[PDB]
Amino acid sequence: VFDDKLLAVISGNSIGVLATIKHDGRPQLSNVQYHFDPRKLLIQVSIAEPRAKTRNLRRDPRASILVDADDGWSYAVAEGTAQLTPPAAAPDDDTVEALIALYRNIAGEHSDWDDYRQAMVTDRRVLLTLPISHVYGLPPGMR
């Protein structure tokens, strides 16, 4: 039941710190917006192919994400192995579809889906699906 406390932190937020592994083995850090699927215990995020974090995950898919509790001090960290889609290549391909689904979960119903599809392709957007294999941290009550 202790993991339920760590999952709750992840569920109560939409932004976290994604840590990837550089070519030299050193950690690389950045923040990302995300959607947490409690059903499959997945964390879904959108990223760009040319970005460092993306090139890192292509060589080494291991990833972790730290998320702060609402007190801004307590936290939970999800660790797992990323599953990336190829980059959007056409406004109607499967990657763009999964990204349309994510956007709905993050921001809601987009206004100009056609413009969105165009943008996903222009930015070579990739959907990062990170199944949670292990969670650690210091959830509220422990800090």
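When you see a residue number, it is the position in the sequence shown, counting from 1.
Chemist: 11-19 versus 115-123: which one carries the higher mean Cα B factor per the record?
Modeler: Of 11-19 and 115-123, the stretch with the higher C-alpha B-factor average is 115-123.
Chemist: Which has higher Cα B-factors on average according to the PDB entry: 76-84 or 50-58?
Modeler: The entry gives the higher C-alpha B-factor average to 50-58.
Chemist: Which has the highest CA B-factor per the PDB entry: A89, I65, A101, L29?
Modeler: Spelled out: the listed residue with the top C-alpha B-factor is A101.
Chemist: Ordered by C-alpha B-factor within the chain, which third holds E97? Give me lowest, middle or highest, please.
Modeler: For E97, whose C-alpha B-factor we compare with every modelled residue in the chain, the answer is the lowest third.
Chemist: Looking at the entry's B-factor column for C-alpha atoms only, identify whether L138 ranks in the lowest, middle or highest third of its chain.
Modeler: Lowest third of the chain for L138's C-alpha B-factor.
Chemist: Can you tell me whether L41 has a C-alpha B-factor in the lowest, middle or highest third compared with the other modelled residues of the same chain?
Modeler: Highest third, going by the recorded CA B-factors of the chain.
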